[PDB]
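So this block is data04.txt, compact mmCIF, C-alpha atoms and all ligand atoms:
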```
# COMPACT_ATOMS: atom_id res chain seq x y z
CA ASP M 1 6.79 -2.94 -16.85
CA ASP M 2 4.31 -3.66 -19.65
CA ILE M 3 5.16 -0.74 -21.95
CA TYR M 4 8.76 -1.03 -20.75
CA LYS M 5 9.18 -4.67 -21.79
CA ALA M 6 7.33 -3.93 -25.03
CA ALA M 7 9.82 -1.18 -25.90
CA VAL M 8 12.65 -3.51 -24.83
CA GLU M 9 11.56 -6.23 -27.25
CA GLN M 10 11.08 -3.53 -29.90
CA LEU M 11 14.82 -2.75 -29.68
CA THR M 12 17.17 -4.00 -32.39
CA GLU M 13 20.10 -6.37 -31.93
CA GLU M 14 22.73 -3.66 -32.52
CA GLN M 15 20.97 -1.44 -29.98
CA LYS M 16 20.94 -4.26 -27.43
CA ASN M 17 24.66 -4.81 -28.04
CA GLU M 18 25.31 -1.13 -27.32
CA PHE M 19 23.16 -1.50 -24.20
CA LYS M 20 25.23 -4.47 -23.02
CA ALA M 21 28.42 -2.48 -23.65
CA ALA M 22 27.05 0.45 -21.63
CA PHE M 23 26.08 -1.98 -18.85
CA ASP M 24 29.62 -3.37 -18.73
CA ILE M 25 30.81 0.24 -18.60
CA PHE M 26 28.52 1.06 -15.66
CA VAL M 27 29.37 -2.10 -13.67
CA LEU M 28 33.04 -1.64 -14.60
CA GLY M 29 34.76 -2.66 -11.37
CA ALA M 30 31.53 -3.10 -9.38
CA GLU M 31 31.17 -5.70 -6.61
CA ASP M 32 27.66 -7.06 -7.31
CA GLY M 33 27.82 -7.25 -11.11
CA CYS M 34 24.75 -5.01 -11.34
CA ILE M 35 23.76 -1.35 -11.10
CA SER M 36 22.61 -0.59 -7.55
CA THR M 37 21.76 2.77 -5.98
CA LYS M 38 25.49 3.43 -5.55
CA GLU M 39 26.40 2.61 -9.18
CA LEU M 40 23.34 4.41 -10.58
CA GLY M 41 24.19 7.54 -8.61
CA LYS M 42 27.81 7.28 -9.77
CA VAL M 43 26.58 7.17 -13.37
CA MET M 44 24.28 10.14 -12.74
CA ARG M 45 27.21 12.16 -11.38
CA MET M 46 29.37 11.12 -14.34
CA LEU M 47 26.56 12.59 -16.45
CA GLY M 48 25.73 15.68 -14.39
CA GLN M 49 22.31 15.43 -12.78
CA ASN M 50 22.04 14.44 -9.13
CA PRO M 51 19.44 11.85 -8.06
CA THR M 52 17.63 11.69 -4.73
CA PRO M 53 18.26 8.45 -2.77
CA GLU M 54 14.55 7.75 -2.23
CA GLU M 55 14.16 8.56 -5.92
CA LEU M 56 16.91 6.08 -6.79
CA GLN M 57 15.08 3.44 -4.74
CA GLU M 58 11.73 4.19 -6.39
CA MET M 59 13.36 4.05 -9.84
CA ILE M 60 15.09 0.71 -9.22
CA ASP M 61 11.71 -0.52 -7.96
CA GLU M 62 10.14 0.58 -11.28
CA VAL M 63 12.59 -1.39 -13.46
CA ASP M 64 13.39 -4.63 -11.62
CA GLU M 65 11.64 -7.87 -12.51
CA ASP M 66 13.72 -10.12 -10.20
CA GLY M 67 13.81 -8.49 -6.75
CA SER M 68 17.51 -7.74 -6.27
CA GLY M 69 17.36 -4.00 -5.63
CA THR M 70 19.91 -3.62 -8.45
CA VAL M 71 19.66 -3.18 -12.23
CA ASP M 72 20.93 -6.02 -14.44
CA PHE M 73 20.96 -6.27 -18.24
CA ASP M 74 17.34 -7.45 -18.53
CA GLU M 75 16.49 -4.41 -16.42
CA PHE M 76 19.15 -2.29 -18.10
CA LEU M 77 17.08 -2.38 -21.26
CA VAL M 78 14.00 -1.15 -19.36
CA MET M 79 16.02 1.54 -17.56
CA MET M 80 17.43 2.61 -20.93
CA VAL M 81 14.13 2.51 -22.90
CA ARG M 82 11.56 3.97 -20.43
CA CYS M 83 12.15 7.50 -21.80
CA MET M 84 9.16 7.57 -24.18
CA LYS M 85 5.86 7.72 -22.26
CA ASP M 86 3.66 5.16 -24.03
CA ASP M 87 0.81 5.15 -21.48
CA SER M 88 0.14 8.90 -21.81
CA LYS M 89 -2.81 10.69 -23.46
CA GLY M 90 -5.59 8.97 -21.55
CA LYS M 91 -8.82 8.41 -23.45
CA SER M 92 -11.73 10.76 -22.77
CA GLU M 93 -14.20 9.83 -20.03
CA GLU M 94 -16.87 9.28 -22.68
CA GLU M 95 -14.51 6.95 -24.56
CA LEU M 96 -13.76 5.09 -21.31
CA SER M 97 -17.50 4.67 -20.72
CA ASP M 98 -17.86 3.34 -24.26
CA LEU M 99 -15.04 0.87 -23.59
CA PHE M 100 -16.75 -0.36 -20.43
CA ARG M 101 -20.12 -0.63 -22.20
CA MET M 102 -18.86 -2.62 -25.18
CA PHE M 103 -16.90 -4.87 -22.83
CA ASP M 104 -20.14 -5.25 -20.82
CA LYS M 105 -22.26 -6.30 -23.79
CA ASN M 106 -25.05 -7.97 -21.82
CA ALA M 107 -25.71 -4.66 -19.92
CA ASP M 108 -25.04 -5.55 -16.27
CA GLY M 109 -22.30 -3.28 -14.87
CA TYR M 110 -19.62 -5.99 -14.79
CA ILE M 111 -17.14 -7.42 -17.28
CA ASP M 112 -17.38 -11.13 -16.47
CA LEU M 113 -14.57 -13.45 -17.54
CA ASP M 114 -16.73 -14.69 -20.43
CA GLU M 115 -16.82 -11.23 -22.03
CA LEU M 116 -13.06 -10.78 -21.62
CA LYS M 117 -12.38 -14.21 -23.14
CA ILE M 118 -14.73 -13.74 -26.10
CA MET M 119 -13.11 -10.36 -26.68
CA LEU M 120 -9.65 -11.93 -26.67
CA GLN M 121 -10.99 -14.62 -29.00
CA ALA M 122 -12.41 -11.96 -31.32
CA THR M 123 -9.18 -9.94 -31.49
CA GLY M 124 -7.74 -12.78 -33.62
CA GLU M 125 -4.31 -13.06 -32.01
CA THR M 126 -3.39 -16.44 -30.50
CA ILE M 127 -4.52 -15.96 -26.89
CA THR M 128 -2.53 -17.94 -24.33
CA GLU M 129 -4.25 -19.11 -21.14
CA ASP M 130 -1.52 -17.40 -19.11
CA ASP M 131 -2.35 -14.15 -20.90
CA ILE M 132 -6.03 -14.62 -20.02
CA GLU M 133 -5.22 -15.22 -16.36
CA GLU M 134 -2.83 -12.26 -16.13
CA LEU M 135 -5.30 -9.86 -17.76
CA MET M 136 -8.13 -11.22 -15.59
CA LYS M 137 -6.05 -10.55 -12.47
CA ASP M 138 -4.96 -7.11 -13.73
CA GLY M 139 -8.60 -6.14 -14.17
CA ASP M 140 -10.54 -7.98 -11.46
CA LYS M 141 -8.84 -6.67 -8.31
CA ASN M 142 -10.96 -8.31 -5.58
CA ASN M 143 -11.03 -11.52 -7.71
CA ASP M 144 -14.81 -11.93 -7.61
CA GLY M 145 -15.08 -13.14 -11.21
CA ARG M 146 -15.78 -9.83 -12.96
CA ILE M 147 -14.23 -6.43 -13.70
CA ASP M 148 -16.36 -3.55 -12.45
CA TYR M 149 -15.94 0.00 -13.73
CA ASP M 150 -13.42 0.99 -11.05
CA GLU M 151 -11.39 -2.17 -11.66
CA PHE M 152 -11.73 -1.45 -15.37
CA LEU M 153 -10.33 2.06 -14.82
CA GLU M 154 -7.46 0.40 -12.98
CA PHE M 155 -7.04 -1.70 -16.15
CA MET M 156 -6.14 1.43 -18.18
CA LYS M 157 -2.84 2.28 -16.47
CA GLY M 158 0.03 1.08 -18.63
CA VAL M 159 -2.36 0.84 -21.60
CA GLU M 160 -2.67 3.03 -24.70
CA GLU A 1 80.65 28.38 -18.36
CA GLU A 2 77.15 28.99 -19.71
CA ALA A 3 76.80 25.27 -20.47
CA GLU A 4 77.93 24.38 -16.93
CA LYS A 5 75.40 26.82 -15.46
CA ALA A 6 72.66 25.22 -17.57
CA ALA A 7 73.75 21.73 -16.50
CA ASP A 8 73.66 22.60 -12.78
CA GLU A 9 70.24 24.26 -13.01
CA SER A 10 69.00 21.25 -14.99
CA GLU A 11 70.25 18.78 -12.38
CA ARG A 12 68.40 20.70 -9.67
CA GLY A 13 65.27 20.70 -11.84
CA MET A 14 65.53 16.92 -12.14
CA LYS A 15 65.76 16.43 -8.40
CA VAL A 16 62.86 18.74 -7.56
CA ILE A 17 60.51 17.58 -10.33
CA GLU A 18 61.24 13.91 -9.58
CA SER A 19 60.31 14.60 -5.95
CA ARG A 20 57.11 16.24 -7.22
CA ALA A 21 56.25 13.25 -9.41
CA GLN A 22 56.81 10.77 -6.57
CA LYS A 23 54.61 12.86 -4.28
CA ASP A 24 51.91 12.86 -6.97
CA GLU A 25 52.17 9.07 -7.23
CA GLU A 26 51.71 8.62 -3.49
CA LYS A 27 48.80 11.08 -3.53
CA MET A 28 47.08 9.19 -6.37
CA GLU A 29 47.41 5.91 -4.47
CA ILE A 30 45.98 7.52 -1.32
CA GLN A 31 43.11 9.07 -3.28
CA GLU A 32 42.22 5.75 -4.94
CA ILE A 33 42.19 4.03 -1.53
CA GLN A 34 39.95 6.75 -0.08
CA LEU A 35 37.62 6.58 -3.09
CA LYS A 36 37.24 2.81 -2.79
CA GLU A 37 36.59 3.07 0.96
CA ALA A 38 33.98 5.78 0.45
CA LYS A 39 32.26 3.76 -2.29
CA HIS A 40 32.07 0.63 -0.12
CA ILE A 41 30.71 2.65 2.81
CA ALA A 42 28.07 4.18 0.54
CA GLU A 43 27.03 0.74 -0.73
CA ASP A 44 26.71 -0.57 2.83
CA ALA A 45 24.72 2.50 3.89
CA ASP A 46 22.37 2.10 0.93
CA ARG A 47 21.75 -1.58 1.73
CA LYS A 48 21.07 -0.82 5.40
CA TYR A 49 18.75 2.02 4.36
CA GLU A 50 16.77 -0.29 2.07
CA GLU A 51 16.42 -2.82 4.90
CA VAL A 52 15.30 -0.14 7.37
CA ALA A 53 12.80 1.23 4.83
CA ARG A 54 11.25 -2.22 4.32
CA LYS A 55 11.00 -2.67 8.09
CA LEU A 56 9.50 0.82 8.41
CA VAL A 57 6.82 0.05 5.81
CA CA J 201 17.57 -6.57 -10.48
CA CA J 202 -21.26 -8.15 -18.63
CA CA J 203 -13.94 -7.65 -9.36
```

Spell out the structure here as structure tokens.
Amino acid sequence: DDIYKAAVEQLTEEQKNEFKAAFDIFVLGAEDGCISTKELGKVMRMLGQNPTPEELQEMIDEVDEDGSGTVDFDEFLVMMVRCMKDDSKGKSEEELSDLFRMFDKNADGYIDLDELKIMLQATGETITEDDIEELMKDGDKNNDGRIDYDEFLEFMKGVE
Amino acid sequence: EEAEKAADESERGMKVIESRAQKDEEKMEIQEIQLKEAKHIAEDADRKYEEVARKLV
């Protein structure tokens, strides 16, 4: 969703207008005003490829932000921009160890919230408290107050 | 006489092709009804499948 929404916001206005037009084309005559498994499969047939039902479910689950089981415009942009794989080309294991070490400056084996916050402060961008909390949750899985190396590895999916 | 022959054949062509066109119209209506019914059934089946999959998980 991270790279997806980033690419979405990177779209231009004319592109988003074409996306809205294509959405109206896909939901043309629909009954829920959104693209569900039925409408997505209909579009896939209209194209040529055939999609597995479980695959259609898993895809709609990888684009929704609401919880409707259907694809709306806000999710149409994600479903129409996810093509480029932004989170590919994972950094080398040595580079990952370097990342963990420099995030664990005091040499302890854990990236406490203080290190993450000072890092966000150092980056220079205006860090919002909500951003801090969301990143802290994304890293620290068990919510013990620190990001270990396994939780840090988990922090690298959707990141590049 | 040739013109009369052509006129008679043409009248028959009108009757048969108009019957064809009406049959095509009825078949299009029937096909649209069947398509809509199949689409609604597929939507219902997909919703029930999603529910059953959640329950299964
Ligand atoms: Ca949705
Ligand atoms: Ca530390
Ligand atoms: Ca933790």

Using all atoms listed in the file, the shortest atom-to-atom distance to ligand CA 201 (chain J) among M:106, M:70, M:121, M:88 belongs to M:70

If you count all atoms listed in the file, the residue of M:19, M:149, M:26, M:73 closest to ligand CA 201 (chain J) turns out to be M:73

Item to complete: List the neighbours of residue 54 of chain A out to 12 Å using all atoms listed in the file; skip same-chain residues closer than 4 positions along the sequence, and give me the result as a VMD selection string.
Response: (chain M and resid 57 69) or (chain A and resid 47 to 50)

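Shortest atom-to-atom contact with ligand CA 201 (chain J) among M:77, M:3, M:21, M:11: M:77, counting all atoms listed in the file.
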
Q.
Within 9 Å of ligand CA 203 (chain J) (counting only C-alpha atoms and all ligand atoms), which residues show up? I'd like them as a ChimeraX atom specification.
A. /M:110-112,137,139-148,150-152

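We find atom CA of residue 4 of chain A and atom CA of residue 21 of chain A to be spaced 25.5 Å apart.
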